[PDB]
């Protein structure tokens, strides 16, 4: 490790710092000596993070889906960092949206994850990019193993796939300016993103208004038996969020940041390898646990 020098003079802007990876990142980089600009969705998330950190850290309220708030925040960063520019941008904010079988969904159900995870990431990136160029800095995009292998119906999968493609377009565009772009692909980690109970609640809301034929095909208590698989293999969710923040740290401080980081033991040894395999192999493995439908010929 030849690391960069003058960490103490470099600003890092992180989206989604109320909870999860982004909260830990803000705290970690603050203690490391970066000047953190921690964007938070909520006032109480902002106040808690500020109470736990040093005077070098600033919080800002940002909803990444509000283009006016994005532009104002970018103007604030620009005046604050001046001719240093912005060394790091971590695009971390994201949401799961509704996860359910594709045939239960409307197109509207896909919009929310795409708006936060893709469009919000793009708009933040585009508004901050002049500052990153100025610093010859680093853009870090948080994708997912779900951006390389599709885990289930709903907008989250397409959102993360799209982030992988944008990431690569951005990287090649930014090579000429000496800006590095890193994509981080975590496996499953215990955060506020996904919560089996909340996922089940969304499915029950949808069930209420599903067509009779769908309900006959899947069967009453399909959702109950679904919750009993989400639970029945929740023992392989990583608790150590520092595995992901450690990737962010390398992307920000190495003289040789990677183009892709994979976080989680199963992610690197199994999931990302499988993402290269054709459907015949993937489908066999992923369908193993899926709950049998009650009446699949009721079409």
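Numbering follows the first chain given and starts at 1.
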Comparing 113-121 with 188-196, the one whose average Cα B-factor in the PDB entry is higher: 188-196
77-85 versus 206-214 - which carries the larger mean C-alpha B factor in the record: 206-214
Given 291, 14, 277, 24, the residue at which the Cα B factor reaches its maximum: 291
Highest-ranked of 259, 28, 65, 235 once sorted by CA temperature factor in the record: 235
Residue 176 - Cα temperature factor, lowest/middle/highest third of chain: highest
Position of residue 127 among the chain's modelled residues by C-alpha B-factor, lowest, middle or highest third: middle
CA B-factor ranking of residue 226, expressed as a third of its chain: highest
Ranked against its chain, the third holding the CA B-factor of residue 251: lowest
Record-listed C-alpha B factor of residue 58: chain third: middle
